[PDB]
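The chain that follows stands alone, in the form deposited in one PDB entry, written as structure tokens.
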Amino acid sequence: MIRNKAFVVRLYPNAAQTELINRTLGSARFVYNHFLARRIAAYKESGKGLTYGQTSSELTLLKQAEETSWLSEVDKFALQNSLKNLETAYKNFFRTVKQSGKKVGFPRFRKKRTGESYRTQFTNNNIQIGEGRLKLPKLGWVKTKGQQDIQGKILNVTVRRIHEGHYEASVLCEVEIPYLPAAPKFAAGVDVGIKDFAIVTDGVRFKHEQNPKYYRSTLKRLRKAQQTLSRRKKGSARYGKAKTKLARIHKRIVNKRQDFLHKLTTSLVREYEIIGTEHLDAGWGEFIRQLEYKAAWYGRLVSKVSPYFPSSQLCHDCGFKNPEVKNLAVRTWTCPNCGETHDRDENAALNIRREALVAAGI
């Protein structure tokens, strides 16, 4: 019943806290690079990889050294977790060395990039959560907007810089999540359509989860923005402004899609005991990920149809397969075996529901 859960809140640090955040990110990156180089040199020297303990000790001697004493300014937890990041990169590489086929590459030097994070643990109430405030080590109280009810025991806080002037902190808390009570409906079947994002059916009726309002309208504004950027010559300030506006429109599209999927998946979890989706505008990967983790948290069970199931071809009533349904132009078709005409999307959702129950076994 106790789950690792993350609460993302937007940070609004003042000038000094922003300076300290940037210093901490730089220090973490420098430590990662330096001790990657040190491990490589050690393997070249003695043929034995340095343990995390040996890398930790040299960091402590690095901190006291005059040439690298500046690391004392930033939080210790950030540097040590950067060292743990290096160790995990090495661990991934070592695990994949034996395996054939897909192989994790050797760790590479960390480079300056817009999205960087530093992670600080919790100990002796150094992290405290108030109403509209958040306390982080070495920083003090920082004002947070959109702070939900944060419960459980705080484990660590990940301070992330999405882009310049945009900071988000992901507070990891070990919160107990109570199971949702019995759902009004038993099971659902979910599809993919062109005009409609999905066709959710409980068996009594079909509910068309159409695309969110203004989604097609926003896609129009996406096309307009690209035209202006394309004709604009590169390197101009107005070209930069057009690129920023295009980036903002992309961000709005992503946010609207995520909100639509979050509300839809929460509704599916609350409304149906068992949810069944075929595994494959779509954004299907995030939909499946959210459905699976929310079902695990709230006690629902997700049954994913085997991709070998050709639901669209089969008729729900009789199971006859028709090659005509393979053609997309055939939105409405009649099954000669069952002598019935049914909508393609409606027939697909009912079949996906039927297979979802079979896989769960009920």
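Superpose the two forms; the largest set of C-alphas matching within 1.5 Å is the rigid core. Residue positions are given as counts along the sequence shown, with the first one as 1.
The protein also exists as the form deposited in another entry; that form is not presented, and the subsequent description refers to it.
Novice: Which of the listed residues (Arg113, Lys224, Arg133, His163) moves its Cα by 2 Å or more between the shown form and the other one when the core is kept in place?
Specialist: So the residue whose C-alpha moves 2 Å or more is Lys224.
Novice: Once you overlay the rigid core, does the Cα of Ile21 travel 2 Å or further between the shown form and the other one?
Specialist: Comparing the forms between the shown form and the other one, which are aligned on their rigid core, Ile21 does not shift its C-alpha by 2 Å or more.
Novice: For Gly240, is the CA shift between the shown form and the other one at least 2 Å following rigid-core superposition?
Specialist: It does shift by 2 Å or more.
Novice: Could you tell me whether the Cα atom of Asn81 shifts by at least 2 Å between the shown form and the other one after core superposition?
Specialist: No, because once the rigid core is superposed, the C-alpha of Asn81 moves less than 2 Å between the shown form and the other one.
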